[PDB]
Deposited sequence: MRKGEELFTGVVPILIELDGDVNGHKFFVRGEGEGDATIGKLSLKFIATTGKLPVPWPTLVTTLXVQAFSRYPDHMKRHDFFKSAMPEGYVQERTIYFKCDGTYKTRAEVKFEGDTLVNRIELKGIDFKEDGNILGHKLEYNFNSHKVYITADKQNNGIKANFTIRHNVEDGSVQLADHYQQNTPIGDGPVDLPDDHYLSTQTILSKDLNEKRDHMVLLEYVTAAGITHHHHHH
């Protein structure tokens, strides 16, 4: 299981989404190296202009590539993979329900996701496209969910807003393996991300670079 990540691994991410009746599809190609814990990805909105701003999609688009010094549920579940479901509540605004399957298809790692968006405001921060094009790092506390034989998590993302205010997204997360199963003691995952664009790509896109680690306490 852990053996799979001892080198650069190719990554494919597919997102099929419906938000407030807006359908969009996002496809991503990239590499991930677990040893350094590095993600490099490029995302394309195949459907045309994204109905939602890119930073909101960042959390839902492979924590299996985290770098552990001296418990890795995500890598252990491989290659059968794990299922990740989230309910993301946007403060004073709509909500995301997502389900994803993260697993190996051949030599590459595939993330297949379905996202449904409800109750969003026309001319809210989300549908108004009022969020700043960046993502700010926070530690994520992970707990063992014995009932699902999986990890549970709760955290809030702070999205910067063009006017200078902040849009809060409250995340509830569950991950469970697909085959026959090892739950890790409490730990933090720290993800740091940079968002940029390719100058030669005419399509609506996001270039994402990530460093993912883990800690105790």
Checklist entry - Where are the gaps relative to the deposited sequence? => result 1-3, 65, 75-78, 190-191, 228-234
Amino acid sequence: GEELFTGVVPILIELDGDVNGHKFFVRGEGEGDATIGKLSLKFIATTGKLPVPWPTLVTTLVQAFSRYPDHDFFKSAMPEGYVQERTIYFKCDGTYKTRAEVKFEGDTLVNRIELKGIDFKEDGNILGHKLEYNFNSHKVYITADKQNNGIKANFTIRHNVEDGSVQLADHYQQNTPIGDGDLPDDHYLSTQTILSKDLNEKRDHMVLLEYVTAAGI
From here on, numbers count along this sequence of modelled residues.
Checklist entry - So which stretch wins on mean C-alpha B-factor, 27-35 or 42-50? => result 27-35
Checklist entry - Which one, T98, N134, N111, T108, has the peak C-alpha temperature factor per the PDB entry? => result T108
Next on the checklist: Ranking the modelled residues of this chain by C-alpha B-factor as given in the entry, is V212 in the lowest, middle or highest third?
Outcome noted: lowest
Checklist entry - Is the Cα B-factor recorded for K91 in the lowest, middle or highest third of its chain? => result lowest
Checklist outcome for this item: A64: C-alpha B-factor third of its chain, per the entry, is the middle
Checklist outcome for this item: On the chain's distribution of Cα B-factors, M206 falls within the third called middle
Next on the checklist: Split into thirds by Cα B-factor across the chain's modelled residues, where does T156 land: lowest, middle or highest?
Outcome noted: lowest
